[PDB]
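For reference, the structure discussed in these notes is given below.
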Amino acid sequence: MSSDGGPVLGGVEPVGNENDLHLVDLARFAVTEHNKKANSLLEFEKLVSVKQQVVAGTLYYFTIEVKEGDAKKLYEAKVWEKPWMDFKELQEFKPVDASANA
């Protein structure tokens with residue numbers, strides 16, 4: 001006995017458990033989509049975790065790791081899907097190699 005209101009009450013929530021086929025789909029999708037317009041470049045190894053943010057839709061910060069060429073690191077796969085209209089579109093899945101501040 002325990003239930004009241006949706007399992008949502010905030011934003012930026014940590015998650016993971018590849019057990020969620022959907023979650024992985026996003027990360028695995030990124031590498032794919034990317035390999036499409038990039039004719040491939042790296043080799044996805046697996047998924048570490050994934051977050052979720054609420055805004056103009058449904059955002060998820062996937063933190064997977066892939067071995068690029070002769071290297072290995074983690075790429076932040078960010079996807080934006082919409083249930084109200086069952087949609088989705090890869091935003092970018094990379095460790096974001098850039099440093100700035102203003």
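Chain identifiers are assigned as A, B, and so on, following the order in which chains appear in the structure tokens; residues are numbered from 1 within each chain, and ligands are numbered from 1 in order of appearance.
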Spatial neighbours of residue 94 of chain A, max dist 10 Å, only C-alpha atoms, sep filter under 5 positions, as a PyMOL selection string: chain A and resi 30-31+62-66+73-78
Which of chain A DSSP labels helix (DSSP H, G or I), written as a PyMOL selection string: chain A and resi 21-37
Would you put the residues from that selection into a file with C-alpha atoms, as a CSV table (one decimal), in the first residue's frame?
chain,number,residue,atom,x,y,z
A,21,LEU,CA,15.1,-0.9,-22.8
A,22,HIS,CA,13.8,2.6,-23.6
A,23,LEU,CA,16.7,4.4,-21.8
A,24,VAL,CA,19.4,2.4,-23.6
A,25,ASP,CA,17.5,2.8,-26.9
A,26,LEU,CA,18.3,6.5,-26.5
A,27,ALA,CA,22.0,6.1,-25.9
A,28,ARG,CA,22.4,3.3,-28.4
A,29,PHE,CA,20.4,5.4,-30.8
A,30,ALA,CA,22.8,8.3,-30.5
A,31,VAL,CA,25.9,6.4,-31.5
A,32,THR,CA,23.8,5.0,-34.3
A,33,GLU,CA,22.4,8.3,-35.6
A,34,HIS,CA,25.8,9.8,-35.2
A,35,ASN,CA,27.5,6.9,-37.1
A,36,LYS,CA,25.0,7.7,-39.8
A,37,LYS,CA,26.1,11.3,-40.5
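Minimum atom-to-atom distances from A:53, A:40, A:99, A:19 to residue 80 of chain A were compared using only C-alpha atoms, and the lowest value belongs to A:53.
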Secondary structure check, strand (DSSP E) residues of segment 22-100 of chain A, as a PyMOL selection string: chain A and resi 42-54+58-68+73-81+90-94
Export of the given selection (N, CA, C and O atoms) as a compact mmCIF listing (two decimals), in the first residue's frame:
# COMPACT_ATOMS: atom_id res chain seq x y z
N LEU A 42 33.35 5.60 -33.53
CA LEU A 42 33.68 4.94 -32.27
C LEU A 42 32.95 3.60 -32.11
O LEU A 42 32.23 3.16 -33.01
N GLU A 43 33.13 2.97 -30.95
CA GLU A 43 32.49 1.69 -30.68
C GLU A 43 31.87 1.72 -29.29
O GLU A 43 32.58 1.65 -28.28
N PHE A 44 30.54 1.82 -29.23
CA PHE A 44 29.83 1.85 -27.97
C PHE A 44 30.15 0.60 -27.16
O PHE A 44 30.14 -0.51 -27.70
N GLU A 45 30.44 0.77 -25.87
CA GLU A 45 30.76 -0.34 -25.00
C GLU A 45 29.54 -0.72 -24.18
O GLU A 45 29.18 -1.89 -24.12
N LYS A 46 28.92 0.27 -23.54
CA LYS A 46 27.74 0.03 -22.73
C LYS A 46 27.24 1.35 -22.15
O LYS A 46 27.70 2.42 -22.54
N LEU A 47 26.29 1.26 -21.22
CA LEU A 47 25.71 2.45 -20.59
C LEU A 47 25.94 2.47 -19.07
O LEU A 47 25.80 1.45 -18.40
N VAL A 48 26.32 3.64 -18.56
CA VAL A 48 26.58 3.80 -17.14
C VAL A 48 25.30 4.18 -16.42
O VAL A 48 24.85 3.47 -15.53
N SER A 49 24.71 5.32 -16.81
CA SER A 49 23.48 5.79 -16.20
C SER A 49 22.78 6.77 -17.13
O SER A 49 23.24 7.00 -18.25
N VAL A 50 21.68 7.35 -16.66
CA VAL A 50 20.93 8.31 -17.45
C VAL A 50 20.04 9.15 -16.54
O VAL A 50 19.47 8.64 -15.58
N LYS A 51 19.94 10.45 -16.83
CA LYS A 51 19.13 11.35 -16.04
C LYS A 51 17.88 11.73 -16.81
O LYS A 51 17.64 11.24 -17.91
N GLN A 52 17.07 12.62 -16.23
CA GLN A 52 15.84 13.07 -16.86
C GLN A 52 15.52 14.49 -16.41
O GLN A 52 15.55 14.79 -15.22
N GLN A 53 15.21 15.36 -17.38
CA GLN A 53 14.88 16.74 -17.08
C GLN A 53 13.55 17.10 -17.72
O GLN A 53 13.22 16.63 -18.81
N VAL A 54 12.77 17.94 -17.03
CA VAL A 54 11.47 18.36 -17.53
C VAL A 54 11.54 19.81 -17.97
O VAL A 54 11.94 20.68 -17.20
N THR A 58 10.61 16.17 -22.86
CA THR A 58 11.19 15.16 -21.99
C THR A 58 12.65 14.95 -22.34
O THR A 58 12.97 14.31 -23.34
N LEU A 59 13.54 15.51 -21.51
CA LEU A 59 14.98 15.40 -21.73
C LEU A 59 15.61 14.31 -20.86
O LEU A 59 15.17 14.05 -19.74
N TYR A 60 16.66 13.66 -21.39
CA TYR A 60 17.34 12.61 -20.67
C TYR A 60 18.84 12.69 -20.94
O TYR A 60 19.26 12.72 -22.09
N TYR A 61 19.64 12.72 -19.87
CA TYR A 61 21.08 12.80 -19.99
C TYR A 61 21.69 11.42 -19.81
O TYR A 61 21.90 10.98 -18.68
N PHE A 62 21.97 10.74 -20.92
CA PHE A 62 22.56 9.41 -20.87
C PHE A 62 24.07 9.52 -20.74
O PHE A 62 24.70 10.30 -21.45
N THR A 63 24.66 8.73 -19.84
CA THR A 63 26.09 8.74 -19.63
C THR A 63 26.67 7.37 -19.95
O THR A 63 26.92 6.57 -19.06
N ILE A 64 26.89 7.11 -21.24
CA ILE A 64 27.45 5.85 -21.69
C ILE A 64 28.94 6.01 -21.96
O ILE A 64 29.48 7.10 -21.85
N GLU A 65 29.60 4.90 -22.32
CA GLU A 65 31.02 4.93 -22.61
C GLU A 65 31.31 4.14 -23.88
O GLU A 65 30.84 3.02 -24.03
N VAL A 66 32.08 4.74 -24.79
CA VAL A 66 32.43 4.09 -26.04
C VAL A 66 33.92 4.28 -26.32
O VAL A 66 34.50 5.29 -25.92
N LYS A 67 34.52 3.31 -27.00
CA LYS A 67 35.93 3.37 -27.33
C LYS A 67 36.11 3.96 -28.72
O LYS A 67 35.90 3.27 -29.72
N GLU A 68 36.51 5.23 -28.79
CA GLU A 68 36.72 5.90 -30.05
C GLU A 68 38.09 5.54 -30.62
O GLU A 68 39.11 5.85 -30.02
N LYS A 73 36.18 6.44 -23.53
CA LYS A 73 35.68 7.47 -22.64
C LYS A 73 34.16 7.40 -22.56
O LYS A 73 33.55 6.47 -23.09
N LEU A 74 33.55 8.39 -21.91
CA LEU A 74 32.10 8.45 -21.76
C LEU A 74 31.49 9.64 -22.50
O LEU A 74 32.00 10.76 -22.43
N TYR A 75 30.39 9.39 -23.21
CA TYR A 75 29.71 10.42 -23.96
C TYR A 75 28.33 10.68 -23.36
O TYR A 75 27.59 9.74 -23.09
N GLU A 76 27.99 11.95 -23.16
CA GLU A 76 26.71 12.32 -22.60
C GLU A 76 25.66 12.37 -23.70
O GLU A 76 25.48 13.41 -24.35
N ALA A 77 24.96 11.26 -23.91
CA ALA A 77 23.93 11.18 -24.93
C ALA A 77 22.66 11.86 -24.43
O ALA A 77 22.02 11.38 -23.50
N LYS A 78 22.30 12.98 -25.06
CA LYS A 78 21.11 13.72 -24.68
C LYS A 78 20.05 13.57 -25.75
O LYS A 78 20.28 13.89 -26.92
N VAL A 79 18.86 13.09 -25.36
CA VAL A 79 17.77 12.90 -26.28
C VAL A 79 16.56 13.71 -25.83
O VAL A 79 16.44 14.03 -24.65
N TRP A 80 15.67 14.04 -26.76
CA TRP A 80 14.48 14.81 -26.45
C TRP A 80 13.26 14.16 -27.09
O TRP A 80 13.00 14.35 -28.28
N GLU A 81 12.51 13.39 -26.30
CA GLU A 81 11.32 12.72 -26.80
C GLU A 81 10.08 13.35 -26.18
O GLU A 81 10.16 14.03 -25.16
N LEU A 90 17.64 12.90 -31.42
CA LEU A 90 18.97 12.99 -30.82
C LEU A 90 19.49 14.43 -30.81
O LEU A 90 19.47 15.12 -31.83
N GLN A 91 19.96 14.88 -29.64
CA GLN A 91 20.47 16.22 -29.49
C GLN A 91 21.99 16.21 -29.60
O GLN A 91 22.58 17.06 -30.26
N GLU A 92 22.63 15.23 -28.94
CA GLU A 92 24.07 15.11 -28.97
C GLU A 92 24.53 14.17 -27.86
O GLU A 92 24.06 14.26 -26.73
N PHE A 93 25.47 13.28 -28.19
CA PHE A 93 25.99 12.33 -27.22
C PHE A 93 27.51 12.39 -27.21
O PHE A 93 28.17 11.64 -27.94
N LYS A 94 28.07 13.28 -26.39
CA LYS A 94 29.51 13.43 -26.29
C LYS A 94 29.88 14.04 -24.95
O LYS A 94 29.04 14.64 -24.29
Atom-to-atom span, atom CA of residue 95 of chain A and atom CA of residue 20 of chain A, Å: 22.4 Å
